[PDB]
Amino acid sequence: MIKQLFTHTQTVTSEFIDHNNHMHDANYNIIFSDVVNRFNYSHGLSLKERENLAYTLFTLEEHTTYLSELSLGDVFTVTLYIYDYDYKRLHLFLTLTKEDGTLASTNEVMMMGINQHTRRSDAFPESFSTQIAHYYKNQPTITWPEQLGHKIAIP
């Protein structure tokens, strides 16, 4: 009945602004990465848990789209969705929106679980796997934006 979304809100500061007088492209990636980490830290793989379990997550692949510029002082929210997952991979889709609801940017990311003894991929620990399944189950249906899965191409 009550669906839930992990979000993080913040404001565009001076240090994020480029010579085009808006937020620099790579700063979007810095943000998205940090929100992903906040999520994973709160869903079974905090840094302490990673040390105890000898387990971590590596980024494999990501796709970022820049739809609408963000200026100095703009307050924005990042929202995380789980698009897909399996026994050792997480396929995430994040939106970055302005206060009025304008989709400013999107990020699609594939992460993979890694056994720290071997630095080879391996199944998620059960606590993480449970928490991920629960989040996905309990997340709002969304009409997936056309950015999702989009191939880069000159029209």
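Start at 1 and count along the sequence shown; that's the residue number.
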Please work out which of 120 to 128 and 56 to 64 has the higher mean CA B-factor as recorded in the PDB entry. 120 to 128
Given 21 to 29 and 139 to 147, the range whose Cα B-factors average higher in the PDB entry: 139 to 147
Maximum C-alpha temperature factor, selected from 49, 34, 108, 69: 69
Would you check the entry's CA temperature factor for residue 115 and let me know if it's in the chain's lowest, middle or highest third? highest
For residue 95, does the deposited CA B-factor place it in the lowest, middle or highest third of the chain? lowest
